[PDB]
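Residue numbers (the deposited numbering), protein chains in the order written: chain X, 940 to 1038; chain D, 940 to 1038; chain U, 347 to 494; chain V, 397 to 494.
We put the beta carbon where it would ideally sit given N, CA and C, even for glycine.
Here the structure comes first, spelled out in structure tokens, and everything after it is commentary.
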Amino acid sequence: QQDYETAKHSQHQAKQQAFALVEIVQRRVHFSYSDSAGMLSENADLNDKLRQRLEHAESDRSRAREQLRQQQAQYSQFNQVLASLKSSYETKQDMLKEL
Amino acid sequence: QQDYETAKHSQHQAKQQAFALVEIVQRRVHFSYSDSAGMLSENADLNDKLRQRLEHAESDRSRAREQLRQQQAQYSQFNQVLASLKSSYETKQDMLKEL
Amino acid sequence: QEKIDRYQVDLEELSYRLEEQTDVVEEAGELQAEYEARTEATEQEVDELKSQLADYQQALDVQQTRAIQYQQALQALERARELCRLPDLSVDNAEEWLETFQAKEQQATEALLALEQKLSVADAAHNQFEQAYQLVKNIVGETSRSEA
Amino acid sequence: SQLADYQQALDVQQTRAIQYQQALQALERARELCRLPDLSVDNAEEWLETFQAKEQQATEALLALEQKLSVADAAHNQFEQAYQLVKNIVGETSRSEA
């Protein structure tokens, strides 16, 4: 299994390299007209600042999602312990009524 | 030994077929890129098609979200019932010990 | 009478535990709802920022003129150059590299399948070993594999 | 991001189209190897699990085979002695039935 894990890693790397070479082959045509050029950086200032703000918002969203997931977790374990207590109490109550 | 080499060849056939099917399972999303391949062929203004694809993906993601939420509720229900049985078994076993 | 008294005390303690855990679960559920609202607010903000950036850049990126298209080819070529240990890698000679690396990839897949066959047979042999072990444990109880 | 960053400049679109072509090639290759022209991405999982069962059958077979070959290392003498013991106990019997 260790050997097969190594082999799978190697296969993945080989596949990635082959795909990169295929990408070069596909974009040879785009390289063909590499001499072309155009205007750039017209509204970059506001666009860059808004990109930075959006990156901050995305990071905050990732934090929020992580906190949401973990809280779902702890709520789950709390519910599970609550159900365990419920079952224990019900059984002991049944047994007291029997006695 | 002859039958065993034959069985090994059959196992190799099964292995290659299963690997191929798994590979297409991985490329499952890539078949969704048929829109991307068609979109890329636009070679012109294509933001509206991008927005349409994004809306379709939003619909799919919302469907998956609802599916996941209801499945999570079902799994949680199963987990509470399992925990309740665990506690009940513990209590019954302890009473059997005591009796 | 004493036994029933003990069980009544047990039930009282269990009721106290149930109250405590119900309170904990209610607090956890309130926090969960709060974090749900907070998260949804964060995706709302992120989507709003993305849409506003799209609107602002609408005019900017429409007139691409297929002239800034080739830098993508440049980045792809360079990315292959570091990923593929071929500093001389040229879009001209990249086809020989493509075929050679494809040959290596298919060889790797064949070796992977060869390893997978033996891996599967070995794992299933261990599975039967384990099944024997569980049968022995259930019949007699704990014991080592050597004694099996 | 693509719509917001339309400056992305269809690079991701190009990669996705290339991935689509690769997926087409892989699907054709599987339809060949598995000989299943009747096949779709949505239902390919069913044939995948079917051939998973097939591969499990083949591997379990070959596993019993590996055990039998490993125990076949027993020399010629043991087979003879067991055969003659069974013969002497029950009377003449065939090796296959022994």
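Take the alpha-carbon of D:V964 and the one of D:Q955: they are about 14 Å apart. The Cβ of D:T1030 sits closer than 8 Å to at least one Cβ of chain X. Sequence-ordered contacts of the region 952 to 974 of chain X with chain V read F958, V961, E962, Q965, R966, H969 [C-beta pairs closer than 9 Å].
X:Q991 does not reach chain U, its nearest Cβ partner there being about 10 Å away, counting only Cβ pairs nearer than 8 Å. Within 10 angstroms of the beta-carbon of V:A422 lie 16 or more other beta-carbons, which makes it buried.
With a minimum length of 4 residues, there is no unbroken run of alpha helix (DSSP H) contained wholly in the region 963 to 998 of chain X.
The beta carbon of D:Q1010 sits no closer than 8 Å to any beta carbon of chain U. With fewer than 16 neighbouring CB atoms inside 10 Å of its own CB, U:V355 falls in the exposed class. For V:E462, the nearest CB of chain U lies under 8 Å from its own CB, placing it at the interface with that chain.
One Cα belongs to V:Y402, the other to U:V408, and the distance between them is close to 8 Å. For D:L993, the closest of D:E944, D:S971, D:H948, D:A953 by C-alpha to C-alpha distance is D:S971.
For U:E386, the closest C-alpha among the options X:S975, X:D984, X:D987, X:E997 is that of X:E997.
Contact of V:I414 with chain X is assigned, a C-beta pair being separated by under 8 Å.
By the beta-carbon neighbour count (other beta carbons within 10 angstroms, threshold 16), U:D434 is exposed. Per the C-alpha coordinates, the member of U:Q474, U:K396, U:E456 positioned closest to X:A946 is U:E456. If you check each beta-carbon in the region 350 to 378 of chain U against every beta-carbon of chain X, the ones closer than 7 Å belong to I350, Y353, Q354, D356, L357, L360, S361, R363, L364, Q367, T368, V370, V371, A374, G375, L377, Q378.
Look at X:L1038 here: in three-state DSSP terms it is coil, with no helix or strand label. A Cβ-Cβ distance of about 50 Å is found for the pair X:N986 and U:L461, leaving them out of contact under the 8 Å criterion. Separation of X:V968 and U:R412 (C-alpha to C-alpha, rounded to the nearest whole angstrom) is 12 Å. Identification of chain U residues near X:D999 by a Cβ-Cβ cut-off of 7 Å yields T388, ordered along the chain. For U:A400, the chain V residues whose C-beta falls within less than 9 Å of its own C-beta are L399, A400, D401, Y402, listed in chain order. Short of 7 Å from the beta carbon of U:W443, and not among the five residues preceding or following it, lie these beta carbons of its own chain, in chain order: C430, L432, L435. When rounded, the separation of the alpha-carbon atoms in X:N1018 and D:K988 is 46 Å. A check of alpha carbon separations from X:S1026 across U:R363, U:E382, U:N484, U:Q474 identifies U:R363 as the nearest.
Under a 10 Å Cβ-count criterion, U:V486 is classified as exposed, with fewer than 16 other Cβ atoms of the shown protein chains found around its own Cβ. The count of Cβ pairs closer than 8 Å, one atom from the region 370 to 382 of chain U and one from the region 1004 to 1019 of chain X, reaches three, so the stretches are in contact.
The beta carbon of V:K483 lies closer than 7 Å to those of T489 in the same chain, with the five residues before and after it left out.
Following the DSSP letters along the chain, one finds V:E445 inside the alpha helix (DSSP H) bounded by residues 440 to 467. Linking X:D1033 to U:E358 through their CA atoms gives a straight-line distance of about 14 Å.
A straight line joining the alpha-carbon of U:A478 with that of U:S492 spans about 12 Å. Less than 8 Å separates the beta-carbon of V:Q448 from that of D:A957. Assignment of X:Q1006 by DSSP, reduced to helix, strand and coil, places it in the helix class.
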